[PDB]
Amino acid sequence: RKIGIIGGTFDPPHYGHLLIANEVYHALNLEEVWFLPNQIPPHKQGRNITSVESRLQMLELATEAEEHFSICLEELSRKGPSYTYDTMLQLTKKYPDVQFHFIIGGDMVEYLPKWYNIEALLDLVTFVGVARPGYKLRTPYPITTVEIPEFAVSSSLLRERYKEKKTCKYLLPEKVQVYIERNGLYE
């Protein structure tokens, strides 16, 4: 019934993603959270980038130990560039029984008005914003706030670190780390 949705390139997946998923899953009492991998946008595309194959494997190794965490390949499967609205439009139909909670960073709530079909989107899913404790998102949109201790880690940051041969311990699952060294990613 109540399913959370976390989008991203998950290149690579990390503890920040798991923490956010877990906090929201409990704070709002969802039955499960789906990680919705986004395809690497055209302007970032090029060789030397991670294959979809690898990202999905890291994501599975990252969500392996959690039965209430799943991977929703719906956006990555469909043709190419999908506005968030379209993806959610297609999911609502395939699962009319589910009330999706789209999870985003509080930093993003400031740009929702620039999101494609944002108006209609709000009719398809319930937005959940993430904010540091002691803060609430004040916005004209009906958005749900969930306070979560800040963990300044991102896929971008991790790729940069693996390039500088810098330590990434405690930043992401050890399974993902092994996989990264084994296949020499971001090297």
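Residue indices: 1-based, along the sequence shown.
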**Item:** Between 51 to 59 and 140 to 148 (mean CA B-factor, as deposited), the higher
**Value:** 140 to 148
**Item:** Greater mean Cα temperature factor according to the PDB record, 97 to 105 or 81 to 89
**Value:** 81 to 89
**Message:** Just the C-alpha B-factor column, please: which of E174, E23, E164, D11 has the biggest number?
**Reply:** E164
**Fill in**
Max C-alpha B-factor within the set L157, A131, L30, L122 falls on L122
